[PDB]
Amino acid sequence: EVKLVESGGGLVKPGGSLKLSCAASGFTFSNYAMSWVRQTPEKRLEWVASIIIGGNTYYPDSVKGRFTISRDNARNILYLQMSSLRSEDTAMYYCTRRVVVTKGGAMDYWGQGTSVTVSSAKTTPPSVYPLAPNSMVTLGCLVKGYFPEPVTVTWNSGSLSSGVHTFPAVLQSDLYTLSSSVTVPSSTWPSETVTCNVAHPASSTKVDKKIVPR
């Protein structure tokens, strides 16, 4: 029941600041050392901070003097205070639990990640369009022109799991576009309703668009 839930991510202008948090459950928080590791848009992994038993903190050279890690052993929360951010700091930020019995060091559980973007571009909500056109039919949803990532796409409030996949966003100079597709039996649609629910946290947006026949 070990769980690590990060939050705090978003968009910052260059040189701004932001504070990440990670809420731990299912183990004795205080007994473990903890780390933050980020994954860049190219998918390189990069260690950014540790806090070890006894309270010592360690940082690589490229963040020393700008990041500060700390912990709240009362409510079991890890923090990463980020300041004087730069565009190279754009990444998925993971919080990790450190292995206890090891001759070295390693990270035996990772959260799900919280996304940070550092850019002078402006927050823009998405436009959401339906994709309507055999024994199976394929439907879709076009999510065009938002910033920053990410967007979240579900079908019929999660009721549809199989037959759904979502394509990675593509960035066209300052705006992302992505698409999502679902396949259902011909005898399910149009006689019943298919809706794509899109959420954009950066802009506080949540739309639900019905797919309707032509």
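Just count from 1 along the sequence shown to find any residue number.
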Check your understanding: Is there a break between residue 133 and residue 134, and how many deposited residues does it span: none, 1 to 3, 4 to 9, or 10 or more?
Key -> 4 to 9
Review point. Where do the C-alpha atoms have the higher mean temperature factor in this entry, in 156 to 164 or in 61 to 69?
Key: 156 to 164
Review point. Taking the values straight from the PDB record, which of 56, 39, 180, 188 has the highest C-alpha temperature factor?
Key: 188
Study note, to complete from the structure: Assert third(CA B-factor, residue 20) within chain per record equals lowest
Exercise for review: Place residue 35 in the lowest, middle or highest third of its chain's C-alpha B-factors, as listed in the PDB entry.
Suggested key: lowest
Exercise for review: Can you work out whether the C-alpha temperature factor of residue 97 puts it in the lowest, middle or highest third of the chain?
Suggested key: lowest
Review point. What third of its chain, lowest, middle or highest, does the C-alpha temperature factor of residue 121 fall into?
Key: highest
Review point. Taking the entry's C-alpha B-factors for this chain, is residue 82 in the lowest, middle or highest third?
Key: middle
